[PDB]
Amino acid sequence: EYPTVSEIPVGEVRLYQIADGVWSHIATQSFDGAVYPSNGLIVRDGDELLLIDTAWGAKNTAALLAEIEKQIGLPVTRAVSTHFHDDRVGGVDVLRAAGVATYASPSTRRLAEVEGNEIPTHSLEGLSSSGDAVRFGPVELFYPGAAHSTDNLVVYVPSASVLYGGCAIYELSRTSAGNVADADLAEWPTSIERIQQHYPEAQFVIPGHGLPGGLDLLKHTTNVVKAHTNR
């Protein structure tokens, strides 16, 4: 059922309904001569929508907004970027130009600025220490500690028991680390433990890239990260 990377031509965006008022968005991008999929989230908040993460670049994010208008027809009023890399903030300027209020932690905003990446406008408070959680509209934002990056956040949708791990969680078909230049390999498994402890009831776990599954995606990612550490 879930759209796979093979089925999505680069430039177009698919929406996958997970529960009442909860969708993922799936886009693709060419990167180093291979095509990667990328996930984000859409969560209904009253008669508006909350967006988690861009669709990886300005072109895709413009298509995301148009696909939301076509299929859902409620306004995206706020968006959160879960860390500073280009697949999560690339497209923030498109969102801002369309009237979406964009948000990230102060750590993400600073790292995006240093990297020369697009910078969400608003700063999320209350997420500065490992284990911090804050409610943001219909989701909980959680900072589990440093992992894929030092600033990475995860997002939980309580009404649907949906956990979106971002790039800190790998899909099962991924057996080797992705980019780790900005990672804290030493803390990544502990941070994953924090997620497990905080969201043990999660039923649907979405990685940054690829197919969702259950909570075993967390242990899978730990296994891959530890294998890379010992490599």
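Numbers for residues come from their place in the sequence shown, where the first is 1.
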item: Given 126-134 and 81-89, the range whose Cα B-factors average higher in the PDB entry; value: 126-134
item: Average Cα temperature factor in the PDB entry - higher stretch of 165-173, 27-35; value: 27-35
item: Which of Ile192, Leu64, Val180, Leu50 ranks first by CA B-factor in the deposited coordinates; value: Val180
item: From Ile119, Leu74, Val154, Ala101, residue of greatest CA B-factor; value: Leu74
item: Chain third (lowest, middle, highest) by recorded CA B-factor, residue given as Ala55; value: lowest
item: Ranked C-alpha temperature factor of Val10 among modelled chain residues, by third; value: highest
item: CA B-factor placement of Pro158, once the chain's modelled residues are sorted into thirds; value: highest
item: Third of the chain, ranked by Cα B-factor, where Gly145 sits; value: lowest
item: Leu218 by Cα B-factor - lowest, middle or highest third of the modelled chain; value: middle
